Structures are given as C-alpha cells and as structure tokens.
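Engineer: Next comes the structure file run_23.cif, holding mmCIF, N, CA and C atoms.
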```
data_final
loop_
_atom_site.label_atom_id
_atom_site.label_comp_id
_atom_site.auth_asym_id
_atom_site.auth_seq_id
_atom_site.Cartn_x
_atom_site.Cartn_y
_atom_site.Cartn_z
N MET K 1 -13.14 19.93 9.04
CA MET K 1 -11.77 19.69 9.61
C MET K 1 -11.83 18.63 10.70
N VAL K 2 -10.77 17.84 10.80
CA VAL K 2 -10.64 16.85 11.86
C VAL K 2 -9.31 17.07 12.56
N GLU K 3 -9.36 17.27 13.87
CA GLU K 3 -8.16 17.57 14.65
C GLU K 3 -7.20 16.37 14.69
N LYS K 4 -5.90 16.63 14.60
CA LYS K 4 -4.88 15.58 14.71
C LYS K 4 -5.03 14.83 16.04
N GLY K 5 -5.02 13.50 15.98
CA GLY K 5 -5.15 12.66 17.17
C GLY K 5 -6.56 12.16 17.42
N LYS K 6 -7.52 12.77 16.73
CA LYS K 6 -8.93 12.44 16.88
C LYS K 6 -9.24 11.07 16.27
N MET K 7 -9.98 10.25 17.01
CA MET K 7 -10.34 8.93 16.51
C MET K 7 -11.44 9.05 15.47
N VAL K 8 -11.16 8.50 14.29
CA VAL K 8 -12.08 8.55 13.16
C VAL K 8 -12.22 7.17 12.54
N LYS K 9 -13.43 6.83 12.11
CA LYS K 9 -13.64 5.60 11.37
C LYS K 9 -13.83 5.93 9.89
N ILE K 10 -13.01 5.31 9.04
CA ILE K 10 -13.00 5.63 7.62
C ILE K 10 -13.30 4.44 6.73
N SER K 11 -13.89 4.73 5.57
CA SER K 11 -14.05 3.76 4.51
C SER K 11 -13.28 4.28 3.32
N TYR K 12 -12.65 3.38 2.57
CA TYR K 12 -11.90 3.81 1.39
C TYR K 12 -11.83 2.74 0.31
N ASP K 13 -11.65 3.20 -0.92
CA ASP K 13 -11.40 2.35 -2.07
C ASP K 13 -10.18 2.90 -2.77
N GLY K 14 -9.18 2.06 -2.98
CA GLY K 14 -7.93 2.47 -3.60
C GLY K 14 -7.76 1.87 -4.99
N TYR K 15 -7.34 2.72 -5.92
CA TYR K 15 -7.14 2.35 -7.31
C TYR K 15 -5.72 2.65 -7.78
N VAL K 16 -5.15 1.73 -8.57
CA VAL K 16 -3.89 1.95 -9.27
C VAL K 16 -4.10 1.57 -10.73
N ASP K 17 -3.67 2.45 -11.63
CA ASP K 17 -3.87 2.27 -13.08
C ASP K 17 -5.31 1.88 -13.43
N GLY K 18 -6.27 2.58 -12.81
CA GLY K 18 -7.69 2.36 -13.06
C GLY K 18 -8.29 1.08 -12.49
N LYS K 19 -7.53 0.39 -11.64
CA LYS K 19 -7.99 -0.89 -11.09
C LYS K 19 -8.02 -0.83 -9.58
N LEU K 20 -9.13 -1.27 -8.99
CA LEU K 20 -9.24 -1.38 -7.53
C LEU K 20 -8.21 -2.38 -7.00
N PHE K 21 -7.37 -1.94 -6.06
CA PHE K 21 -6.39 -2.83 -5.44
C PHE K 21 -6.60 -3.03 -3.94
N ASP K 22 -7.39 -2.16 -3.32
CA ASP K 22 -7.68 -2.25 -1.89
C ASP K 22 -8.99 -1.53 -1.60
N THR K 23 -9.74 -2.08 -0.64
CA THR K 23 -11.05 -1.55 -0.23
C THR K 23 -11.47 -2.07 1.14
N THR K 24 -12.20 -1.22 1.87
CA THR K 24 -12.83 -1.60 3.12
C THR K 24 -14.22 -2.20 2.88
N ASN K 25 -14.67 -2.17 1.63
CA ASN K 25 -16.03 -2.57 1.24
C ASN K 25 -16.00 -4.00 0.70
N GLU K 26 -16.43 -4.96 1.52
CA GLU K 26 -16.43 -6.37 1.12
C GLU K 26 -17.22 -6.64 -0.17
N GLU K 27 -18.38 -6.02 -0.31
CA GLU K 27 -19.20 -6.23 -1.52
C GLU K 27 -18.50 -5.75 -2.79
N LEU K 28 -17.88 -4.58 -2.71
CA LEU K 28 -17.11 -4.03 -3.82
C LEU K 28 -15.92 -4.93 -4.17
N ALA K 29 -15.27 -5.45 -3.13
CA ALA K 29 -14.15 -6.38 -3.31
C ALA K 29 -14.58 -7.61 -4.13
N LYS K 30 -15.72 -8.19 -3.77
CA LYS K 30 -16.23 -9.35 -4.51
C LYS K 30 -16.60 -8.99 -5.95
N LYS K 31 -17.25 -7.84 -6.10
CA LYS K 31 -17.62 -7.31 -7.40
C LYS K 31 -16.41 -7.09 -8.29
N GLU K 32 -15.32 -6.61 -7.70
CA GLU K 32 -14.10 -6.27 -8.45
C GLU K 32 -13.08 -7.42 -8.49
N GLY K 33 -13.41 -8.54 -7.83
CA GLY K 33 -12.54 -9.73 -7.83
C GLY K 33 -11.26 -9.65 -7.00
N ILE K 34 -11.29 -8.86 -5.93
CA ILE K 34 -10.14 -8.75 -5.02
C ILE K 34 -10.47 -9.18 -3.59
N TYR K 35 -11.62 -9.83 -3.41
CA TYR K 35 -12.04 -10.28 -2.09
C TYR K 35 -11.00 -11.21 -1.48
N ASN K 36 -10.68 -10.99 -0.21
CA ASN K 36 -9.75 -11.84 0.51
C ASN K 36 -10.41 -12.35 1.79
N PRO K 37 -10.73 -13.67 1.82
CA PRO K 37 -11.40 -14.30 2.97
C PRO K 37 -10.67 -14.07 4.29
N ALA K 38 -9.38 -13.75 4.22
CA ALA K 38 -8.57 -13.52 5.42
C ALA K 38 -8.59 -12.07 5.90
N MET K 39 -9.20 -11.19 5.10
CA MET K 39 -9.31 -9.77 5.46
C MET K 39 -10.59 -9.47 6.23
N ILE K 40 -10.48 -8.61 7.24
CA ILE K 40 -11.63 -8.08 7.94
C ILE K 40 -12.03 -6.76 7.26
N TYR K 41 -13.20 -6.76 6.63
CA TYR K 41 -13.70 -5.58 5.93
C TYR K 41 -14.48 -4.67 6.88
N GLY K 42 -15.00 -3.57 6.34
CA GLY K 42 -15.69 -2.59 7.16
C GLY K 42 -14.77 -1.42 7.46
N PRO K 43 -15.33 -0.32 7.99
CA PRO K 43 -14.57 0.89 8.28
C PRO K 43 -13.38 0.63 9.20
N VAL K 44 -12.33 1.43 9.02
CA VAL K 44 -11.08 1.29 9.77
C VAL K 44 -10.98 2.43 10.77
N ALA K 45 -10.71 2.11 12.03
CA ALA K 45 -10.49 3.15 13.04
C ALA K 45 -9.04 3.62 12.97
N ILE K 46 -8.84 4.93 12.85
CA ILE K 46 -7.51 5.52 12.92
C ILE K 46 -7.53 6.67 13.90
N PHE K 47 -6.35 7.16 14.27
CA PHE K 47 -6.26 8.47 14.85
C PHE K 47 -5.80 9.41 13.74
N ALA K 48 -6.54 10.49 13.53
CA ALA K 48 -6.25 11.43 12.44
C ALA K 48 -4.82 11.97 12.49
N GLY K 49 -4.14 11.94 11.34
CA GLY K 49 -2.77 12.43 11.20
C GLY K 49 -1.69 11.65 11.94
N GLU K 50 -2.01 10.43 12.38
CA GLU K 50 -1.05 9.65 13.18
C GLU K 50 -0.29 8.57 12.39
N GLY K 51 -0.41 8.59 11.06
CA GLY K 51 0.43 7.74 10.21
C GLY K 51 0.03 6.28 10.06
N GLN K 52 -1.23 5.96 10.36
CA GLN K 52 -1.75 4.59 10.17
C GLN K 52 -2.13 4.34 8.72
N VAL K 53 -2.42 5.41 7.99
CA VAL K 53 -2.73 5.33 6.56
C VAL K 53 -1.66 6.06 5.74
N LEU K 54 -1.75 5.95 4.41
CA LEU K 54 -0.83 6.65 3.52
C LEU K 54 -0.79 8.14 3.85
N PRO K 55 0.40 8.77 3.73
CA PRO K 55 0.55 10.19 4.07
C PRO K 55 -0.54 11.08 3.46
N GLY K 56 -0.79 10.92 2.17
CA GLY K 56 -1.81 11.70 1.47
C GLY K 56 -3.23 11.48 1.96
N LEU K 57 -3.50 10.29 2.49
CA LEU K 57 -4.81 10.00 3.09
C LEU K 57 -4.96 10.72 4.43
N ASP K 58 -3.93 10.64 5.28
CA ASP K 58 -3.93 11.38 6.54
C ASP K 58 -4.14 12.86 6.30
N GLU K 59 -3.41 13.40 5.31
CA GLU K 59 -3.52 14.80 4.93
C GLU K 59 -4.94 15.20 4.57
N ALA K 60 -5.58 14.39 3.72
CA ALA K 60 -6.95 14.64 3.28
C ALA K 60 -7.92 14.59 4.47
N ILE K 61 -7.78 13.55 5.29
CA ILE K 61 -8.65 13.34 6.47
C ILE K 61 -8.69 14.56 7.41
N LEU K 62 -7.54 15.18 7.65
CA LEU K 62 -7.47 16.36 8.50
C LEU K 62 -8.27 17.54 7.94
N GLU K 63 -8.38 17.62 6.61
CA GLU K 63 -9.15 18.68 5.95
C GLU K 63 -10.64 18.37 5.88
N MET K 64 -11.01 17.11 6.09
CA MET K 64 -12.38 16.67 5.83
C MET K 64 -13.36 16.88 7.00
N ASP K 65 -14.64 16.85 6.68
CA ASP K 65 -15.69 16.86 7.70
C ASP K 65 -16.14 15.44 7.95
N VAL K 66 -16.66 15.17 9.15
CA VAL K 66 -17.35 13.90 9.40
C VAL K 66 -18.51 13.74 8.40
N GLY K 67 -18.63 12.54 7.84
CA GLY K 67 -19.63 12.26 6.80
C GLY K 67 -19.20 12.63 5.38
N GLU K 68 -18.12 13.41 5.26
CA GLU K 68 -17.62 13.80 3.93
C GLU K 68 -16.97 12.64 3.20
N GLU K 69 -17.30 12.53 1.92
CA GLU K 69 -16.63 11.62 1.02
C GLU K 69 -15.98 12.43 -0.09
N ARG K 70 -14.70 12.16 -0.32
CA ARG K 70 -14.02 12.79 -1.43
C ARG K 70 -13.04 11.84 -2.09
N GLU K 71 -12.66 12.17 -3.32
CA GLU K 71 -11.62 11.43 -4.01
C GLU K 71 -10.30 12.18 -3.89
N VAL K 72 -9.21 11.43 -3.85
CA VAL K 72 -7.89 12.02 -3.72
C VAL K 72 -6.96 11.30 -4.69
N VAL K 73 -6.10 12.07 -5.34
CA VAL K 73 -5.04 11.51 -6.18
C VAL K 73 -3.73 11.75 -5.44
N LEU K 74 -2.95 10.68 -5.25
CA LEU K 74 -1.72 10.80 -4.49
C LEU K 74 -0.51 10.44 -5.34
N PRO K 75 0.48 11.35 -5.41
CA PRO K 75 1.75 11.00 -6.05
C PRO K 75 2.51 9.98 -5.17
N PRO K 76 3.51 9.29 -5.76
CA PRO K 76 4.22 8.23 -5.04
C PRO K 76 4.69 8.66 -3.65
N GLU K 77 5.22 9.88 -3.54
CA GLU K 77 5.77 10.38 -2.28
C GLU K 77 4.74 10.51 -1.16
N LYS K 78 3.47 10.63 -1.53
CA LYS K 78 2.37 10.69 -0.57
C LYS K 78 1.59 9.38 -0.50
N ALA K 79 2.03 8.38 -1.27
CA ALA K 79 1.37 7.09 -1.29
C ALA K 79 2.30 6.02 -0.72
N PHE K 80 2.75 5.09 -1.56
CA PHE K 80 3.62 4.00 -1.11
C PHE K 80 5.11 4.33 -1.20
N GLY K 81 5.41 5.57 -1.59
CA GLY K 81 6.77 6.08 -1.64
C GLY K 81 7.31 6.08 -3.05
N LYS K 82 8.30 6.92 -3.29
CA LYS K 82 9.03 6.87 -4.54
C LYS K 82 9.78 5.54 -4.57
N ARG K 83 10.07 5.04 -5.77
CA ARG K 83 10.86 3.82 -5.91
C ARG K 83 12.32 4.20 -5.67
N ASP K 84 12.82 3.86 -4.49
CA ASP K 84 14.14 4.27 -4.02
C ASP K 84 15.23 3.35 -4.58
N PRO K 85 16.19 3.91 -5.35
CA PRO K 85 17.32 3.15 -5.90
C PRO K 85 18.16 2.46 -4.81
N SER K 86 18.24 3.07 -3.63
CA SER K 86 19.02 2.49 -2.54
C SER K 86 18.41 1.18 -2.02
N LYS K 87 17.15 0.91 -2.37
CA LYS K 87 16.47 -0.33 -1.99
C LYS K 87 16.51 -1.39 -3.10
N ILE K 88 17.20 -1.06 -4.18
CA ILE K 88 17.42 -1.99 -5.27
C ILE K 88 18.87 -2.43 -5.16
N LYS K 89 19.08 -3.68 -4.77
CA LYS K 89 20.41 -4.14 -4.34
C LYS K 89 20.91 -5.37 -5.09
N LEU K 90 22.21 -5.39 -5.31
CA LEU K 90 22.90 -6.52 -5.93
C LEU K 90 23.31 -7.54 -4.87
N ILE K 91 22.95 -8.81 -5.10
CA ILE K 91 23.23 -9.92 -4.18
C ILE K 91 23.79 -11.09 -4.99
N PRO K 92 24.88 -11.73 -4.50
CA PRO K 92 25.45 -12.86 -5.23
C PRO K 92 24.49 -14.03 -5.37
N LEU K 93 24.37 -14.53 -6.60
CA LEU K 93 23.62 -15.75 -6.86
C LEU K 93 24.03 -16.83 -5.86
N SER K 94 25.33 -16.90 -5.60
CA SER K 94 25.96 -17.83 -4.67
C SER K 94 25.21 -17.93 -3.35
N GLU K 95 24.77 -16.78 -2.83
CA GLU K 95 24.13 -16.72 -1.52
C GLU K 95 22.71 -17.28 -1.53
N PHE K 96 22.03 -17.19 -2.67
CA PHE K 96 20.71 -17.82 -2.83
C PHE K 96 20.81 -19.35 -2.89
N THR K 97 21.77 -19.85 -3.67
CA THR K 97 21.97 -21.29 -3.88
C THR K 97 22.51 -21.98 -2.62
N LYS K 98 23.36 -21.27 -1.87
CA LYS K 98 23.80 -21.70 -0.55
C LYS K 98 22.59 -21.96 0.35
N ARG K 99 21.56 -21.12 0.21
CA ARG K 99 20.37 -21.20 1.06
C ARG K 99 19.23 -21.99 0.41
N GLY K 100 19.55 -22.71 -0.66
CA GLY K 100 18.61 -23.63 -1.30
C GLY K 100 17.47 -22.95 -2.04
N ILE K 101 17.68 -21.68 -2.38
CA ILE K 101 16.69 -20.89 -3.09
C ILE K 101 17.16 -20.71 -4.53
N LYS K 102 16.27 -21.00 -5.48
CA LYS K 102 16.56 -20.79 -6.89
C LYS K 102 16.02 -19.43 -7.32
N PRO K 103 16.91 -18.46 -7.53
CA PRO K 103 16.44 -17.14 -7.94
C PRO K 103 15.88 -17.21 -9.35
N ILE K 104 14.74 -16.56 -9.56
CA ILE K 104 14.08 -16.50 -10.85
C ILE K 104 13.64 -15.05 -11.05
N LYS K 105 13.86 -14.50 -12.24
CA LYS K 105 13.33 -13.18 -12.56
C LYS K 105 11.82 -13.13 -12.28
N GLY K 106 11.39 -12.09 -11.58
CA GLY K 106 9.96 -11.92 -11.25
C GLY K 106 9.57 -12.50 -9.90
N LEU K 107 10.42 -13.37 -9.35
CA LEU K 107 10.16 -14.02 -8.07
C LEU K 107 10.27 -13.06 -6.88
N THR K 108 9.27 -13.13 -6.00
CA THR K 108 9.33 -12.42 -4.71
C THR K 108 10.05 -13.27 -3.68
N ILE K 109 11.16 -12.75 -3.18
CA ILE K 109 11.92 -13.39 -2.12
C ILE K 109 11.89 -12.55 -0.84
N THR K 110 12.28 -13.18 0.27
CA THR K 110 12.28 -12.53 1.57
C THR K 110 13.64 -12.69 2.23
N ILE K 111 14.35 -11.58 2.41
CA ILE K 111 15.64 -11.55 3.12
C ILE K 111 15.45 -10.90 4.48
N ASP K 112 15.82 -11.61 5.54
CA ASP K 112 15.69 -11.11 6.92
C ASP K 112 14.29 -10.55 7.19
N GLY K 113 13.27 -11.19 6.62
CA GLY K 113 11.88 -10.76 6.80
C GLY K 113 11.41 -9.67 5.85
N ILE K 114 12.31 -9.20 4.99
CA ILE K 114 12.00 -8.10 4.08
C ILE K 114 11.72 -8.61 2.66
N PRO K 115 10.50 -8.38 2.15
CA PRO K 115 10.17 -8.88 0.81
C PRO K 115 10.90 -8.10 -0.30
N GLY K 116 11.36 -8.83 -1.31
CA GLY K 116 12.02 -8.21 -2.46
C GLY K 116 11.72 -8.95 -3.74
N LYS K 117 11.67 -8.22 -4.85
CA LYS K 117 11.36 -8.80 -6.14
C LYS K 117 12.61 -8.84 -7.01
N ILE K 118 12.92 -10.01 -7.55
CA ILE K 118 14.11 -10.16 -8.39
C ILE K 118 13.91 -9.47 -9.74
N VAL K 119 14.73 -8.45 -9.98
CA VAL K 119 14.70 -7.66 -11.23
C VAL K 119 15.41 -8.38 -12.38
N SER K 120 16.60 -8.89 -12.09
CA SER K 120 17.39 -9.59 -13.10
C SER K 120 18.40 -10.51 -12.46
N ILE K 121 18.90 -11.44 -13.26
CA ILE K 121 20.00 -12.32 -12.87
C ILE K 121 20.95 -12.32 -14.05
N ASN K 122 22.16 -11.79 -13.84
CA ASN K 122 23.18 -11.73 -14.89
C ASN K 122 24.56 -12.03 -14.34
N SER K 123 25.19 -13.06 -14.91
CA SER K 123 26.53 -13.51 -14.51
C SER K 123 26.76 -13.51 -12.99
N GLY K 124 25.92 -14.26 -12.29
CA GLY K 124 26.05 -14.42 -10.84
C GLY K 124 25.60 -13.25 -9.97
N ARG K 125 25.05 -12.21 -10.58
CA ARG K 125 24.56 -11.04 -9.85
C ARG K 125 23.03 -11.01 -9.90
N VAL K 126 22.40 -11.06 -8.73
CA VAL K 126 20.94 -10.99 -8.63
C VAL K 126 20.57 -9.58 -8.18
N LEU K 127 19.86 -8.84 -9.04
CA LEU K 127 19.36 -7.53 -8.66
C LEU K 127 17.97 -7.67 -8.05
N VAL K 128 17.81 -7.19 -6.81
CA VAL K 128 16.55 -7.36 -6.06
C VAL K 128 16.00 -5.99 -5.64
N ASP K 129 14.73 -5.76 -5.96
CA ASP K 129 14.07 -4.50 -5.63
C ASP K 129 13.24 -4.72 -4.37
N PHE K 130 13.71 -4.15 -3.26
CA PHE K 130 13.05 -4.29 -1.98
C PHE K 130 12.03 -3.18 -1.69
N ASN K 131 11.78 -2.32 -2.67
CA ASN K 131 10.75 -1.28 -2.55
C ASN K 131 9.36 -1.91 -2.42
N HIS K 132 8.39 -1.13 -1.94
CA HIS K 132 7.01 -1.58 -1.93
C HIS K 132 6.59 -1.85 -3.36
N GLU K 133 5.76 -2.87 -3.54
CA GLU K 133 5.21 -3.25 -4.84
C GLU K 133 4.69 -2.05 -5.62
N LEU K 134 3.98 -1.16 -4.92
CA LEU K 134 3.38 0.02 -5.54
C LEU K 134 4.21 1.30 -5.42
N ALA K 135 5.46 1.19 -4.96
CA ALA K 135 6.35 2.35 -4.95
C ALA K 135 6.47 2.94 -6.35
N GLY K 136 6.54 4.27 -6.43
CA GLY K 136 6.64 4.95 -7.72
C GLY K 136 5.33 5.08 -8.48
N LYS K 137 4.23 4.64 -7.89
CA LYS K 137 2.93 4.66 -8.57
C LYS K 137 2.03 5.76 -8.03
N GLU K 138 1.31 6.41 -8.95
CA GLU K 138 0.23 7.31 -8.57
C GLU K 138 -0.96 6.45 -8.20
N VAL K 139 -1.63 6.81 -7.11
CA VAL K 139 -2.81 6.07 -6.70
C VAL K 139 -3.99 7.03 -6.55
N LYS K 140 -5.20 6.51 -6.67
CA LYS K 140 -6.40 7.30 -6.46
C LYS K 140 -7.27 6.59 -5.42
N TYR K 141 -7.76 7.35 -4.45
CA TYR K 141 -8.62 6.80 -3.41
C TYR K 141 -9.91 7.56 -3.31
N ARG K 142 -11.00 6.83 -3.10
CA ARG K 142 -12.21 7.41 -2.56
C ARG K 142 -12.12 7.21 -1.06
N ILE K 143 -12.34 8.28 -0.30
CA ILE K 143 -12.28 8.18 1.15
C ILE K 143 -13.45 8.90 1.82
N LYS K 144 -14.07 8.22 2.79
CA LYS K 144 -15.16 8.80 3.56
C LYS K 144 -14.90 8.69 5.05
N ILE K 145 -15.20 9.76 5.77
CA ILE K 145 -15.17 9.73 7.22
C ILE K 145 -16.56 9.32 7.71
N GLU K 146 -16.67 8.06 8.13
CA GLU K 146 -17.95 7.50 8.59
C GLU K 146 -18.39 8.12 9.91
N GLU K 147 -17.45 8.27 10.83
CA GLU K 147 -17.74 8.86 12.15
C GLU K 147 -16.48 9.36 12.82
N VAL K 148 -16.68 10.27 13.77
CA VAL K 148 -15.62 10.75 14.65
C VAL K 148 -15.99 10.37 16.08
N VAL K 149 -15.12 9.62 16.74
CA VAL K 149 -15.37 9.22 18.11
C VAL K 149 -14.71 10.28 18.99
N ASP K 150 -15.57 11.00 19.71
CA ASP K 150 -15.28 12.23 20.46
C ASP K 150 -15.72 13.55 19.78
#
```
Turn the structure described in the file into structure tokens.

Structural biologist:
Amino acid sequence: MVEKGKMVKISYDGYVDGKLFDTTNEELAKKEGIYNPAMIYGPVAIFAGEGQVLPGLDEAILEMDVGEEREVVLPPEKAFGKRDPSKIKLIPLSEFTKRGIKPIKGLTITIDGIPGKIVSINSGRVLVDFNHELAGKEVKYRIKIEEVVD
C-alpha cells in the first residue's frame, strides 16, 4: 500500500490496441518506434492519488508496494475518459474560412487553445471532436513503483 500524498517515483508502459503509445523507458521507446527526442525519459515523480496520472493508475498505485510491478487494464472512464458527445461540436465552415483555415476531414485544429479533430464537413457544417485522442479507448499499462520518497 502507498498512502495518498506520498511521493513516489514510477515507471510505466502504456498500450492501446496492443501497441505501445507511451513509456518512461527510452530504450523501449526506440525499440517500439515511439522515441521522442523532446521527451525526458526515466521514472516520473508523483504524489500518490493526487491526479498527476490517469485515474486508474493512481488507483493501482495506492494498492501497490514499493518495488511492485503490475499490469493494469483501464476502461475509458479510468483512462483518457469516455468519448463525450458534448465535446463533439458543430461549427460553421464560414468561421474557419474567415480565419484562413481550410477545414479537412481528419485534420487536427485548435480553437482557443483546445485541440479538436474534424469528423466531417457537410453543407457548411464542420463537426469537430474535441475529446482526447484516446477517449473511449481501453488502455493497458505496466506500472512499477521504483521508490517511495519518505
């Protein structure tokens, strides 16, 4: 068990549809072809149960021992969230063209700093999904508590 608020350093590998999409392990990232030169790899310091990681990860961490490694399967609600219909919004084509942006199906756009993916364009109506890319997805993580500070 790890008490809520306790500083812990964790390592993790995250998978969606059987594919690694995130990892603290630089070597694994290169091996799996997701290495990002702009990312700082290595264990991540969190406070246990304080919401710095996905809800289901925080939940698992509180149950875990220092040095424990386990795998966890998280439903959307405990991962990147359910795909919320209220975040899928209709916007006039007119407003994109006014702003010199050509809407294209599949294109990621940013409104007021918020990223959104264009679902469709039909008769001047642009449907944009502002949900997280992985919303509605089951994810699987390997997670290890490397150390507890305190």

Engineer: Please return as a list in words: the residues of stretch 18-102 of chain K that backbone DSSP assigns to strand (DSSP E).

Structural biologist: residues 19, 20, 21, 22, 23, 44, 45, 46, 47, 69, 70, 71, 72, 73, 74, 88, 89, 90, 91 and 92 of chain K

Engineer: With the file shown as input, list the residues that the PyMOL selection byres ((chain K and resi 55-65) around 7) selects, as a compact mmCIF listing (two decimals) with N, CA and C atoms, keeping the file's coordinate frame.

Structural biologist:
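Dumped to expr15.txt:
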```txt
# COMPACT_ATOMS: atom_id res chain seq x y z
N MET K 1 -13.14 19.93 9.04
CA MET K 1 -11.77 19.69 9.61
C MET K 1 -11.83 18.63 10.70
N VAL K 2 -10.77 17.84 10.80
CA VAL K 2 -10.64 16.85 11.86
C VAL K 2 -9.31 17.07 12.56
N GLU K 3 -9.36 17.27 13.87
CA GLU K 3 -8.16 17.57 14.65
C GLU K 3 -7.20 16.37 14.69
N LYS K 4 -5.90 16.63 14.60
CA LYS K 4 -4.88 15.58 14.71
C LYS K 4 -5.03 14.83 16.04
N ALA K 48 -6.54 10.49 13.53
CA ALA K 48 -6.25 11.43 12.44
C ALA K 48 -4.82 11.97 12.49
N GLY K 49 -4.14 11.94 11.34
CA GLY K 49 -2.77 12.43 11.20
C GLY K 49 -1.69 11.65 11.94
N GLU K 50 -2.01 10.43 12.38
CA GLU K 50 -1.05 9.65 13.18
C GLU K 50 -0.29 8.57 12.39
N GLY K 51 -0.41 8.59 11.06
CA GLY K 51 0.43 7.74 10.21
C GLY K 51 0.03 6.28 10.06
N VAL K 53 -2.42 5.41 7.99
CA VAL K 53 -2.73 5.33 6.56
C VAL K 53 -1.66 6.06 5.74
N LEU K 54 -1.75 5.95 4.41
CA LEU K 54 -0.83 6.65 3.52
C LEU K 54 -0.79 8.14 3.85
N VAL K 66 -16.66 15.17 9.15
CA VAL K 66 -17.35 13.90 9.40
C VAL K 66 -18.51 13.74 8.40
N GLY K 67 -18.63 12.54 7.84
CA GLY K 67 -19.63 12.26 6.80
C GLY K 67 -19.20 12.63 5.38
N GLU K 68 -18.12 13.41 5.26
CA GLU K 68 -17.62 13.80 3.93
C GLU K 68 -16.97 12.64 3.20
N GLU K 69 -17.30 12.53 1.92
CA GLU K 69 -16.63 11.62 1.02
C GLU K 69 -15.98 12.43 -0.09
N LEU K 74 -2.95 10.68 -5.25
CA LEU K 74 -1.72 10.80 -4.49
C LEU K 74 -0.51 10.44 -5.34
N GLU K 77 5.22 9.88 -3.54
CA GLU K 77 5.77 10.38 -2.28
C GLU K 77 4.74 10.51 -1.16
N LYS K 78 3.47 10.63 -1.53
CA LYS K 78 2.37 10.69 -0.57
C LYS K 78 1.59 9.38 -0.50
N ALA K 79 2.03 8.38 -1.27
CA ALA K 79 1.37 7.09 -1.29
C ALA K 79 2.30 6.02 -0.72
N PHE K 80 2.75 5.09 -1.56
CA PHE K 80 3.62 4.00 -1.11
C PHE K 80 5.11 4.33 -1.20
N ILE K 145 -15.20 9.76 5.77
CA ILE K 145 -15.17 9.73 7.22
C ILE K 145 -16.56 9.32 7.71
```

Engineer: Skipping near chain neighbours, those fewer than 3 positions away, what residues fall within 8 Å of stretch 129-141 of chain K using only C-alpha atoms, listed as a short mmCIF file (atom, residue, chain, number, x, y, z; two decimals) with N, CA and C atoms, keeping the file's coordinate frame?

Structural biologist:
```cif
data_model
loop_
_atom_site.label_atom_id
_atom_site.label_comp_id
_atom_site.auth_asym_id
_atom_site.auth_seq_id
_atom_site.Cartn_x
_atom_site.Cartn_y
_atom_site.Cartn_z
N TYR K 12 -12.65 3.38 2.57
CA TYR K 12 -11.90 3.81 1.39
C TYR K 12 -11.83 2.74 0.31
N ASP K 13 -11.65 3.20 -0.92
CA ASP K 13 -11.40 2.35 -2.07
C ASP K 13 -10.18 2.90 -2.77
N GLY K 14 -9.18 2.06 -2.98
CA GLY K 14 -7.93 2.47 -3.60
C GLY K 14 -7.76 1.87 -4.99
N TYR K 15 -7.34 2.72 -5.92
CA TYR K 15 -7.14 2.35 -7.31
C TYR K 15 -5.72 2.65 -7.78
N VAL K 16 -5.15 1.73 -8.57
CA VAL K 16 -3.89 1.95 -9.27
C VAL K 16 -4.10 1.57 -10.73
N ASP K 17 -3.67 2.45 -11.63
CA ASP K 17 -3.87 2.27 -13.08
C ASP K 17 -5.31 1.88 -13.43
N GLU K 71 -12.66 12.17 -3.32
CA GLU K 71 -11.62 11.43 -4.01
C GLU K 71 -10.30 12.18 -3.89
N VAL K 72 -9.21 11.43 -3.85
CA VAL K 72 -7.89 12.02 -3.72
C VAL K 72 -6.96 11.30 -4.69
N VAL K 73 -6.10 12.07 -5.34
CA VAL K 73 -5.04 11.51 -6.18
C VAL K 73 -3.73 11.75 -5.44
N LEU K 74 -2.95 10.68 -5.25
CA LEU K 74 -1.72 10.80 -4.49
C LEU K 74 -0.51 10.44 -5.34
N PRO K 75 0.48 11.35 -5.41
CA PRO K 75 1.75 11.00 -6.05
C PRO K 75 2.51 9.98 -5.17
N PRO K 76 3.51 9.29 -5.76
CA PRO K 76 4.22 8.23 -5.04
C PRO K 76 4.69 8.66 -3.65
N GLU K 77 5.22 9.88 -3.54
CA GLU K 77 5.77 10.38 -2.28
C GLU K 77 4.74 10.51 -1.16
N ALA K 79 2.03 8.38 -1.27
CA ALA K 79 1.37 7.09 -1.29
C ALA K 79 2.30 6.02 -0.72
N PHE K 80 2.75 5.09 -1.56
CA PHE K 80 3.62 4.00 -1.11
C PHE K 80 5.11 4.33 -1.20
N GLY K 81 5.41 5.57 -1.59
CA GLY K 81 6.77 6.08 -1.64
C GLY K 81 7.31 6.08 -3.05
N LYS K 82 8.30 6.92 -3.29
CA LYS K 82 9.03 6.87 -4.54
C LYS K 82 9.78 5.54 -4.57
N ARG K 83 10.07 5.04 -5.77
CA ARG K 83 10.86 3.82 -5.91
C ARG K 83 12.32 4.20 -5.67
N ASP K 84 12.82 3.86 -4.49
CA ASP K 84 14.14 4.27 -4.02
C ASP K 84 15.23 3.35 -4.58
N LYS K 87 17.15 0.91 -2.37
CA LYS K 87 16.47 -0.33 -1.99
C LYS K 87 16.51 -1.39 -3.10
N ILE K 88 17.20 -1.06 -4.18
CA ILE K 88 17.42 -1.99 -5.27
C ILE K 88 18.87 -2.43 -5.16
N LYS K 89 19.08 -3.68 -4.77
CA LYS K 89 20.41 -4.14 -4.34
C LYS K 89 20.91 -5.37 -5.09
N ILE K 114 12.31 -9.20 4.99
CA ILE K 114 12.00 -8.10 4.08
C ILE K 114 11.72 -8.61 2.66
N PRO K 115 10.50 -8.38 2.15
CA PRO K 115 10.17 -8.88 0.81
C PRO K 115 10.90 -8.10 -0.30
N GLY K 116 11.36 -8.83 -1.31
CA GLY K 116 12.02 -8.21 -2.46
C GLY K 116 11.72 -8.95 -3.74
N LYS K 117 11.67 -8.22 -4.85
CA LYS K 117 11.36 -8.80 -6.14
C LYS K 117 12.61 -8.84 -7.01
N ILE K 118 12.92 -10.01 -7.55
CA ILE K 118 14.11 -10.16 -8.39
C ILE K 118 13.91 -9.47 -9.74
N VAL K 119 14.73 -8.45 -9.98
CA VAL K 119 14.70 -7.66 -11.23
C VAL K 119 15.41 -8.38 -12.38
#
```

Engineer: Find the residues near residue K:26: any atom within 7 Å, counting all atoms listed in the file, skip ones fewer than 6 places away on the same chain, and give them as a list in words.

Structural biologist: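 So the residues in contact are residues 35, 41 and 42 of chain K.
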
Engineer: Using only C-alpha atoms, which residue out of K:93, K:99, K:142, K:149 lies closest to residue K:127?

Structural biologist: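 Of all the options, K:93 lies closest to residue K:127.
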